[PDB]
Amino acid sequence: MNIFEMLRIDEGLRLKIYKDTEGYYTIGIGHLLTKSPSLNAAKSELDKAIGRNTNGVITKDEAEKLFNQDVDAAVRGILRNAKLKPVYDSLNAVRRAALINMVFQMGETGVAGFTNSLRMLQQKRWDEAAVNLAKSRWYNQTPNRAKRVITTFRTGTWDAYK
Ligand SMILES: [Cl-]
Ligand SMILES: [Cl-]
């Protein structure tokens, strides 16, 4: 199990523009296109992102290409963030995956706002961090994904994904 397989499980794969749980236009493996309500403004961003006239549809290859960038972008934002980096360096490989997962779904800024949880993870207080992570809009909105991420932090294993 690795971050790519983990995220492919949490996000799924769609070759046509679709709306996320939050109602935003997305494509491929969890690639947010735009928060704008316009389907044309999504189709625009999509064509810009791919380099071609897609008419809202992409190939598997194109999807994995966006996935590689977003994962790379996710990790790099973590390493660039003063708040996130120290937490990441302090974690093992599995838990590192879990933090990358969060950043991919919610953005560096969003994750950076989980001040108390991060602090608890940095101090290795697993059970407590798990409780604090669940008191969030995040958990309430995507509860099954969130429990899986939370379990990963709590246990330090890939069980939630097996
Ligand atoms: Cl892009
Ligand atoms: Cl969910």
Side-chain angles (χ1 to χ4, degrees), residues 1-85 87-88 91 95-118 121 129-130 132-153 158 160-161:
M1 187 44 83
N2 56 59
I3 181 63
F4 289 89
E5 288 173 9
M6 189 199 200
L7 277 167
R8 162 96 190 45
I9 285 169
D10 278 337
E11 297 296 340
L13 173 79
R14 321 214 22 218
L15 308 178
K16 166 106 253 255
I17 291 163
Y18 71 95
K19 288 189 205 210
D20 75 3
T21 194
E22 302 276 341
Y24 307 127
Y25 295 115
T26 304
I27 201 164
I29 304 148
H31 185 81
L32 175 73
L33 286 163
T34 180
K35 289 186 194 178
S36 139
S38 175
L39 166 70
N40 299 290
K43 272 171 155 208
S44 184
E45 281 303 313
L46 172 63
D47 286 348
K48 186 170 40 103
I50 299 305
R52 73 177 183 75
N53 239 85
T54 72
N55 207 19
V57 175
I58 59 166
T59 76
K60 188 176 177 93
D61 274 14
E62 292 175 341
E64 290 165 352
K65 172 152 220 203
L66 296 179
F67 184 41
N68 284 328
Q69 302 172 167
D70 290 349
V71 165
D72 185 57
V75 175
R76 270 164 324 81
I78 279 163
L79 293 181
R80 255 196 286 105
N81 192 284
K83 265 95 154 324
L84 307 174
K85 189 163 185 296
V87 177
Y88 189 86
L91 304 170
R95 291 186 172 104
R96 275 182 190 181
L99 192 68
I100 298 167
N101 193 306
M102 289 186 76
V103 171
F104 186 92
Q105 181 184 5
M106 93 195 95
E108 172 206 338
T109 306
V111 183
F114 279 62
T115 301
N116 298 338
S117 294
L118 298 170
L121 296 154
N132 186 266
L133 281 162
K135 313 170 142 141
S136 57
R137 187 193 191 267
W138 168 70
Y139 181 81
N140 281 116
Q141 279 298 88
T142 45
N144 299 316
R145 162 153 190 189
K147 295 178 178 137
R148 289 192 288 277
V149 179
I150 289 162
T151 291
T152 307
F153 280 119
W158 287 118
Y161 285 85

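Quick note: residue numbers are just sequence positions, from 1. Note: hydrogens, waters and symmetry copies are ignored here, and every other heavy atom, side chains too, is used.
Separating the OG1 atom in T34 from the OH atom in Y24 is a distance of 9.5 Å, to the nearest 0.5 Å. Remark: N53 CG to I50 CD1 distance equals 12.0 Å, nearest 0.5 Å. Atoms CD and CE, from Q141 and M106 in turn, are 11.5 Å apart once rounded to the nearest 0.5 Å. In this structure, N132 CG and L121 CG are separated by 9.0 Å, a value rounded to the nearest 0.5 Å. Going from atom NZ of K19 over to atom OG1 of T21 covers 12.0 Å, rounded to the nearest 0.5 Å. With values rounded to the nearest 0.5 angstrom, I27 atom CD1 is found 6.5 Å from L33 atom CG.
The 12-atom threshold is not exceeded at CG of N55, counting heavy atoms of other residues, nucleotides or ligands nearer than 6.0 Å. Within a 6.0 Å radius of NZ in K85, other residues, nucleotides and ligands contribute 12 heavy atoms or fewer.
The heavy-atom pair separating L46 from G56 by the smallest distance is CD2-CA, 3.7 Å. Across every non-hydrogen atom of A63 and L15, the tightest pair is CB-CD2, 4.1 Å. The two residues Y139 and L133 make their nearest non-hydrogen contact at CB-O, 4.3 Å. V149 approaches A98 most closely through the heavy-atom pair CG1-O, 3.6 Å. Summarising the geometry of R137 relative to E22, their closest heavy-atom pair is NH1-OE2, 2.5 Å, with the distance given to 0.1 Å. When all heavy atoms are compared, the tightest approach of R95 to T152 is CG-O, 4.0 Å.
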Show your reasoning for whether side chain to side chain contact (heavy atoms under 4.5 Å, CB included) applies to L118 and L84. CA-CA 8 Å; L118 298 170; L84 307 174; 3.9 Å; yes
Let's go through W138 and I150 carefully: what are the C-alpha distance in whole Å and the side-chain angles of both, what is the deciding distance for side chain to side chain contact (heavy atoms under 4.5 Å, CB included) to 0.1 Å, and is it a yes or a no? CA-CA 11 Å; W138 168 70; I150 289 162; 4.0 Å; yes
Please report the C-alpha distance between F104 and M6 in whole Å, then the side-chain angles of each, then the deciding distance to 0.1 Å, and finally whether the side chain to side chain contact (heavy atoms under 4.5 Å, CB included) criterion is met. CA-CA 12 Å; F104 186 92; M6 189 199 200; over 6 Å; no
Stepwise salt bridge (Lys or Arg N to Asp or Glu O under 4.0 Å) test for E108 and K83: CA-CA 9 Å; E108 172 206 338; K83 265 95 154 324; over 6 Å; no
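At a threshold of 4.5 Å between non-hydrogen side-chain atoms, the residues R145 and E11 count as touching. Put simply, the side chain of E5 does not reach to within 4.5 Å of the side chain of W158, judged on heavy atoms. Side-chain contact between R14 and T26 is absent, with no heavy atoms from C-beta onward closer than 4.5 Å. Here the side chains of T151 and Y161 are not in contact, with every heavy-atom distance at 4.5 Å or above.
Under the 6.0 Å distance and 45° angle rule, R96 counts as a cation-pi partner of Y88.
In summary, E45 and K48 engage in a salt bridge, as defined by a charged side-chain N under 4.0 Å from a carboxylate O.
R148 places no side-chain N or O within donor-acceptor distance of the main-chain N or O of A160, the cut-off being under 3.5 Å. At distances below 3.5 Å, not a single donor-acceptor pair connects side-chain atoms of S44 with backbone N or O atoms of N40. In terms of modelled atom types and a separation under 3.5 Å, the side chain of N68 and the main chain of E64 share a donor-acceptor contact.
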